[PDB]
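Order of the sequence lines sets the chain letters (A, B, ...), proteins ahead of strands, with each chain counted from 1. The basis for the numbers below is simple: all heavy atoms, side chains too, and nothing from hydrogens, waters or symmetry mates.
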Amino acid sequence: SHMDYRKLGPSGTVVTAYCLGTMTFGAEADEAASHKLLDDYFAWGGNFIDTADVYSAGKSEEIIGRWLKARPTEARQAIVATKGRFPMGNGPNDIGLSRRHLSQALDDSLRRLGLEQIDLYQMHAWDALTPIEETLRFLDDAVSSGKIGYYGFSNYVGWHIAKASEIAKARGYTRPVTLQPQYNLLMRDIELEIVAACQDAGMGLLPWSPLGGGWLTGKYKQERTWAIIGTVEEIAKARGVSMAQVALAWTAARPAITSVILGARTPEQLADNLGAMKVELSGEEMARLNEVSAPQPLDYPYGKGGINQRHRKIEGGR
Amino acid sequence: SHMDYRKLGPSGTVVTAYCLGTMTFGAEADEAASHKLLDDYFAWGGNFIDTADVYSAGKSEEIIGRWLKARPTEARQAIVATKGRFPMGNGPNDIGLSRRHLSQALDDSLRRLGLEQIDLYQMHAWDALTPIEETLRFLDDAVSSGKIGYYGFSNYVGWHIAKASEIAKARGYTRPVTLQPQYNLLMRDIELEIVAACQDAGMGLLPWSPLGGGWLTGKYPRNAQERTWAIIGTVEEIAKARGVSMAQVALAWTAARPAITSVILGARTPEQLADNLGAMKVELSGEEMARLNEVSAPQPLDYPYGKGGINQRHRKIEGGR
Amino acid sequence: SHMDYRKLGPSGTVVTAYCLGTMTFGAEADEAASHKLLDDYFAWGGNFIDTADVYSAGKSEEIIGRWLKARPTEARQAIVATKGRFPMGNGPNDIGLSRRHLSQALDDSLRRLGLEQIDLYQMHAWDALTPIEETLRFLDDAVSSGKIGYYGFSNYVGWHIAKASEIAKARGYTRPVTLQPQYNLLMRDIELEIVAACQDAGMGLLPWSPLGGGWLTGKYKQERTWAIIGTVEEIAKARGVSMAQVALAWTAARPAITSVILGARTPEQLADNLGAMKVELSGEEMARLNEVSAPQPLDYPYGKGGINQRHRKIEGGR
Amino acid sequence: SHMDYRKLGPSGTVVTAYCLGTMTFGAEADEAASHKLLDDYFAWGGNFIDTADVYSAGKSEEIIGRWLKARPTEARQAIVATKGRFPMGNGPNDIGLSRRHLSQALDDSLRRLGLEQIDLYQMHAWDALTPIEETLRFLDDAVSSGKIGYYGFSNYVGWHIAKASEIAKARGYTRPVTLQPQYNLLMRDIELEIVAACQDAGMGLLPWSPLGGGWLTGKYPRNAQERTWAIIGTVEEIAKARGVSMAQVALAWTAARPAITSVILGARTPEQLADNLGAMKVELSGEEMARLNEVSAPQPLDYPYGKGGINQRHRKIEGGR
Amino acid sequence: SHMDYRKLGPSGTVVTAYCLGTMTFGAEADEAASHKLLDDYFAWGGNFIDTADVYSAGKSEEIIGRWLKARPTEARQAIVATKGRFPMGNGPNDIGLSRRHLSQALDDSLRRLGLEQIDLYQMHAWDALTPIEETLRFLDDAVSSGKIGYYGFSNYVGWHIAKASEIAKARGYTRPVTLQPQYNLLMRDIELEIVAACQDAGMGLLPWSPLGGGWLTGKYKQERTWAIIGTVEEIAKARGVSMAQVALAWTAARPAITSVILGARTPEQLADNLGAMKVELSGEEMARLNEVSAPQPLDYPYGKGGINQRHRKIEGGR
Amino acid sequence: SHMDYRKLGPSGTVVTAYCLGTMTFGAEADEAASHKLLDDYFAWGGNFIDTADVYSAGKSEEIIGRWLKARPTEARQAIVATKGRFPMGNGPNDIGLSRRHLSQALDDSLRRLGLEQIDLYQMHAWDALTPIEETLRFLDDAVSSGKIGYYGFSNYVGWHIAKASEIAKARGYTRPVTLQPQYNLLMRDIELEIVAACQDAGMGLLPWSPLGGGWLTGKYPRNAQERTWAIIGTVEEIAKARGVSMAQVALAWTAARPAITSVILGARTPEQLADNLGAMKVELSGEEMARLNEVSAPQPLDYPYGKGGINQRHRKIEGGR
């Protein structure tokens, strides 16, 4: 078990290639089950926890919050990432990236998580009603006061990434570190330009739902899908491992991947998913999955046509 | 009689809602042909000329320059826009958005056009081999020296636009004015996010190929083929309904889309130029515009650009999910 | 009752189109009456409260301060706006926008209001004795420490708005959000350029005294006035609603209006004023009120002459 | 013998308290007439010439330029100021404060005046179609290249002045020097806040039409008409009292108002130019100045510009309301 | 008694034209006597107190500190100014404007003065061993945290003033407000350029020792001196007031004077000194004192020669 | 043989420790006289020429320019410095540090000197009528266009130097290099604080009149008169002791003071120029330098510049008062 350690984007913080998602904490998995999953994850060696204030209306944060207090040794190794943006209630200002809400949402997450500082505070989604300048200034005030260590994004598009990244740079704020996109063999549309936007900013990716909610595990059950699902099945049975470990090993080796967020619900699935770190796909199989699941946009501007138009051969010429 | 004027993006320059493309000058249209087109365009009231150094290896610029020399009255109205980026020769540096190449490309464009200042200088496409900071500095140097008035982009994607825009602000440079994208009823993918990027930066659109190279006029993988014909059928159905050209319906739709500054026409004959310019007098009804919008709507995966990802990022002003 | 929600200027915070003014709290309406008015306003759905430290020498703030503590659920929805600038005593430094006074005035309002942070802190009037740079730096320190969320202005003129707005922009401070002008059908002189100055800055308007202190309600009782009052009366009786609801519906639909500050004193007047949100004037009546109450300045520079001189026809020519 | 010199706003340039307006050159006054006026003005000791590209479609500038060519000694003393903004032609871009138009307007002004540097280049009026950032950048480019020395505004209101001023500071550009407003005993509305905006920015005033186009000299809704005549009656009463022209009283009052850099005279004959310049030797008494100030005081609504709004914003240095 | 109120330099804070110096508190005047003087000064209407941490090794601050706590009403009107720079002990770092010492000295003054914030914190003297950038950054951190309201200088020369003023401007810090120079009819050398340097920066002057330690009161007892002393005596007896009130009235009317720091030790002298505010010298007497006490430097560069060389006649010419 | 070279303040330009002043060229010394002096100076190895537009109404510059034209070899070594500020004419703007006047003063200096770039352009004196920001911007414009290399001041006091210096840093302009003060054994008041201001800004001193206009060589209120003669007596006593000129002792002292970049000689004849340049080979002893320093020490009041105010601001590195 030689750990797969990666940098939290451009920062000096290190995380394990696999991250524990707590979306099920307090929903399909109660406090007891959730406590078990955290114990197993850290027993394996992972140090990355991702939650959100809206995950069961704070029950997820509250569960994590007291597991951290009950096991202090692992608490001092864990990188905690939560989010804020979506409705913590039905009030007009119980929502968004406004200074008004983020102020209350950050204090609420800190409270329910039981921490003096949150390692990674992620905007759960773009908020067109709030100028990005306002959101960034609040985050910068939180960095200086110490409430947060770093910040990242989720549900941001290409020009979202670049605009925020460049404004923070111009205003002397800290650089953003990550983006949390829904990503897997059935959803690769972020590759059209969103990935490139992160790479330009030196940001890392925290892909969530690497199993497509279970569609890539094989259990489930419309043309492309089954061609893709069938490929994962042909390789897993060829290599003698689960479908999940295939799709997971594929996600882990994609460009700009900082850590994969697992959403496993049971100890068995967590032990199976984590076992993918020792699965080394072949370049021939990796190319096979890359092809059968390659996004097929229009030629312009993200398709083959627009890419060749923008390409510049170093030797010159058409 | 009633001309549709629009601001050149965020600047104080005004251009007619239709722009004369010159891709054919020196190729399919010789000097006399090109000069007749220019004459007809300015007799219509237009004031916007778009060319590029690579159109027929600089002959488009040379033809336009001789015409300007020969028409002092129109030349005083003309807003002249050209481009640089693609190869003017087979050398490793006859190309790119580098300081080395643009200084020579801009100078050659000025000489071929016979101008001391180009109104709108456009990067023909992104160049991942040149830092955007290097390109922007050069352009800022060209503004202060008076060689160019404004600058814009073509073949830039979402983060390209926001990055260059925000860096210009940070450096104190002038803001870019326009994006010249390939955009028509058959190709609306710049709406996934690129248009919004332009709107955030205050830039206007200079769409080109508004007729899909004759496909939206009449010259007759599964999902794409079906949409093309559903579009072609709607256009001619609305065209026959209103008793106008199919090209005029397509152009009226394009000129009515969000953020459109001027539609670049690619007419090769006086006859089709007149017809296309007649699109300005065609006011599509509410139902017609909606019918064309729905039948030609892009259909990406739900995440991130599809309906799902959109509703996720949306924030109701009243609150609640 | 479909709420009329608007943005607090350029910010990400949302407020109801109508705002409760507490000028009478502790004056014509004691703590009991004032408590009643707050209960009704929030029962209707409003979330915007405007007070000031000098409103009865803090009695207004103190009343609001304990209504907030007594009804915690509404307290967590309310956007609180107070002011500072005018004399809280007769000392030479018990007044102004100086760092010396604002420091004490902000802590005093926070104390009497019982809040950790004030949502909107408004300068009650321009202070020529204090450089705007000093005032803005203090406000920026308050934003960073969290004592305030946003800030706005009151009794500022056109070049006041632009100077402060542009200095904050150049110095990296947060942008101002609002202006609180005395505005109504009998006082539209802010339209000469003050409104345009706010629109250029993306700032919203919090008009107070939309009834002219009661002159537009019809009760009261010199040429223009009665022509204007008569117009409001001809429309209200034509539509079958009160004079107040007419003038209020007019104020709500004027350019750059974020929220109208009601100064009602009794439950009846508050219920009548708030009923104007469902009153949709006609374009013909809206034009009728716009004309009979149009400000008539000299031709130059704010009159018709100066406006046509500065106009630029997009097609060119004289 | 004793000349009244004043700084050109905040700059280190000095100009006489009276400036020769040239609106009539090439219209009511032909070349010879204009040249006599210029001669008489500089023989008086003046050094300030104000014109504009739009005065008689550039002929005012051409007349002034030929005169400067013909009077090398005076030309070395002349501070030359002109303008751009209003249409020099019927094209959509023969107008505005855009980079596109000002680059051509400034060049044409330099050519018509026969100068390599214009001392004071003025925006004739606000242009809501052009970002003030775009205009200010162009002007800053003109300062570094030496085409202009200073810049100023005309027909700007309160927030216009403060915005452009503060943005110049933020960008590191040179500060604007002057505002040229229409200002006289009959029109004092720039005192509602515009004057204060100018004082905050350190700018001086170049009032024009100081005689109300002959109304303040003698050429014979309710509240306005009454004030006009109460003013006209006071002027001639003080004029007959001191035994001087009505024009001289009006001018002496104007030149004594706050922030006044130089009063732009609009004289058409040598006789009336001499009389107007004689206003410099007229020192109105304390009572006379107060009587003129009160009878011509603006009277807006109490809020925001009236007495009420003023007392509200006032802060007693001792404290208390 | 119409108060002579002036602005604390460029700031929005106002102070009385006369300021109480506490140099004798704890030295020639014990805690009792010092308490009396503070009571009289505020009874007259003054609001300005100047002390220093080294005034009797903190005894001065400690005396003021508990008079403020014992009379809370005057405490809420008083503008408190203290200093730091000189040795609070014999340690190598018990001295200077270094971040190391000022940190401890500011906390010590706050402690002994019993205040949450000091209104005017003045550098007691230039410190060539500490870069002015270091001193200014510390002060700016103190402004933001609220420990101080404003800052000023003492024993700074012309290029000291300009360098600090312009660096703070360039770095976005707050502008300095005052300079505390030893100034009077026998010491006017700051007029050579130091005054002009303050005026360029919009800074006000807090002259201390306006009586020359008692030489201008007449009690004391070498050519210029007695000519100057004799002039003050000829005018005082001509006007029927004390010598002190003459010299004080002269100091109060000099260019750029914000407030005069009185160093009176007894109630009688304080009542006599303060009585000078109602003494209005004549322009003929003011010119008489200005001439007989005019500094006589060399022609170059501060003398008449250097001034005429640098002069520019607005009409041009030599 | 052994030349004393020193940096031109903080810059990378090198100048000989003695600089040829040209105040007399075109006045007491005609063209031939001036040309002989220049020849002798450069034959000695000097490379530093200081003039000013006001020296004989531009004739000093014209004489120097003709000489440079006639001596290509020396002209390639010459560091040429001139000035602008004082009146070149009786007009209200033939003077000052304004953009209006300096643009014309710098151009006229370049023309009279026959140069495309002046090495060191100096403000002859402070100008309280022109914002220092306006002057500094103009100078920065002249650096980028190549008209001047470096800039410096003359007749600036303590806060003048620190203010302009710090504003240049803030604006990103080039740093000023030198101050040219009147400084000699008889006039040391720039030591009260001005020298320290220069040292803080890294500027060097270009003292002029190092002989007190002949008083420190021999041409024969209470406290001042006494010091002058105590100084004159010490100089000739050290001069007779070492068997050298009185002028050489005075110059050796001046060139040995702190922050001295180059001493500007004001010689009118070849004989006295040779003698003065011989001061470079005179190395005053420790005792001699101390004796001259003490007898010529300034004596202001104790506060702020006297001994008292100095000891007050001093900080012992060990601590304690």
Side-chain angles (χ1 to χ4, degrees), chain A residues 1-7 9 15-19 21 44 46 48 178-200 202-220 223-264 269-297 302-304 307-308 311, chain B residues 128 301 303-304:
Chain A
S1 186
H2 315 80
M3 213 8 151
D4 186 336
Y5 279 113
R6 301 177 185 183
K7 280 179 49 188
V15 294
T16 57
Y18 289 97
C19 170
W44 167 74
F48 206 177
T178 64
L179 167 79
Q180 183 161 330
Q182 191 173 175
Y183 189 59
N184 60 77
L185 285 157
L186 306 176
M187 288 179 286
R188 298 176 56 194
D189 268 19
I190 65 173
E191 304 183 9
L192 300 188
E193 66 155 283
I194 286 175
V195 171
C198 299
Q199 293 171 302
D200 176 75
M203 300 172 54
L205 296 188
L206 305 182
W208 74 280
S209 183
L211 304 185
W215 273 91
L216 293 153
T217 58
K219 296 278 175 175
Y220 237 65
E223 344 179 36
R224 233 183 54 253
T225 349
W226 292 102
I228 296 180
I229 291 179
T231 309
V232 178
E233 183 184 345
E234 178 273 322
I235 301 164
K237 288 145 67 174
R239 302 218 93 215
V241 303
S242 64
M243 320 247 298
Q245 296 180 340
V246 177
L248 281 167
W250 175 93
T251 307
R254 287 298 301 180
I257 295 299
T258 282
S259 181
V260 181
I261 298 176
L262 296 178
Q269 281 153 268
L270 185 64
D272 173 79
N273 296 4
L274 294 173
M277 178 178 65
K278 315 148 204 171
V279 176
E280 259 190 318
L281 292 176
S282 64
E284 195 254 331
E285 297 168 354
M286 191 66 181
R288 228 188 282 158
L289 288 176
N290 288 3
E291 298 297 59
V292 63
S293 69
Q296 293 165 347
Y302 304 119
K304 177 185 174 69
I307 298 170
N308 301 347
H311 181 76
Chain B
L301 297 179
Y303 181 86

Can you name the residues that form a salt bridge (charged side-chain N to carboxylate O under 4.0 Å, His left out) with A:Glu280, not counting sequence neighbours? none
Please tell me whether A:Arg188 and A:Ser293 have a donor and an acceptor in their side chains that are separated by less than 3.5 angstrom. yes
Atom pair OG1/CH2 of A:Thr225 and A:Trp215 - distance to nearest 0.5 Å: 7.0 Å
Grab the two heavy atoms, one from B:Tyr303 and one from A:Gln180, that are nearest each other, plus how far apart they are. OH-O, 4.4 Å
Just verifying a value: how many Å separate A:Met286 CE and A:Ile235 CD1, rounded to the nearest 0.5 Å? 10.0 Å
Separation between CG of A:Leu211 and OG1 of A:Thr251, rounded to the nearest 0.5 Å: 7.5 Å
Test your reading of the model: is there a side-chain donor-acceptor pair from A:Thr217 to the backbone of A:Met243, 3.5 Å cut-off? no
Side chain to side chain donor-acceptor pair (under 3.5 Å) contacts touching residues 203-213 of chain A (sequence neighbours left out): none
I need the A:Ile228 CD1 to A:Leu185 CG distance, nearest 0.5 Å. 6.5 Å
Could you tell me which non-hydrogen atom of A:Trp44 sits nearest to which non-hydrogen atom of A:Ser1, and how far apart they are? NE1-OG, 4.5 Å
For residues A:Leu289 and A:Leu281, determine if any side-chain heavy atom of one lies less than 4.5 Å from a side-chain heavy atom of the other. yes
Euclidean distance, A:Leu206 CG relative to A:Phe48 CZ, rounded to 0.5 Å: 5.0 Å
Do you know the tightest heavy-atom contact between A:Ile194 and B:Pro304? CD1-CG, 3.6 Å
Please give me the minimum heavy-atom distance between A:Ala247 and A:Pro210, naming the atom from each residue. CB-O, 4.1 Å
Check the pair A:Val246 / A:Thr231 against side chain to side chain contact (heavy atoms under 4.5 Å, CB included), numbers first and verdict last. CA-CA 10 Å; A:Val246 177; A:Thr231 309; over 6 Å; no
Smallest heavy-atom separation, A:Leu186 atom then A:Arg224 atom, equals O-NH2, 3.7 Å
A:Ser242: partners by side-chain contact (heavy atoms from CB on, under 4.5 Å), with sequence neighbours left out: A:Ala244, A:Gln245, A:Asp272
Could you tell me the separation between the CD atom of A:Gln296 and the CG atom of B:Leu301, rounded to the nearest 0.5 Å? 10.0 Å
Consider only side-chain N and O atoms of A:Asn290 and A:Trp250, and report whether a donor and an acceptor are under 3.5 Å apart. yes
Could you report the tightest heavy-atom contact between A:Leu205 and A:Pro255, atom names first, then the distance? CD1-O, 4.0 Å
Is there side-chain contact between A:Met3 and A:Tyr18, with at least one heavy-atom pair below 4.5 Å? no
Among side-chain atoms of A:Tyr183 and A:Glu191, is any donor-acceptor pair under 3.5 angstrom? yes
Does a side-chain heavy-atom distance below 4.5 Å link A:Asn184 with A:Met187? yes
Flag, side chain of A:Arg6 to backbone of A:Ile257, donor-acceptor distance under 3.5 Å: yes
Please test A:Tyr5 against A:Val15 for side chain to side chain contact (heavy atoms under 4.5 Å, CB included), starting from the C-alpha separation and ending with a verdict. CA-CA 6 Å; A:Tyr5 279 113; A:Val15 294; over 6 Å; no
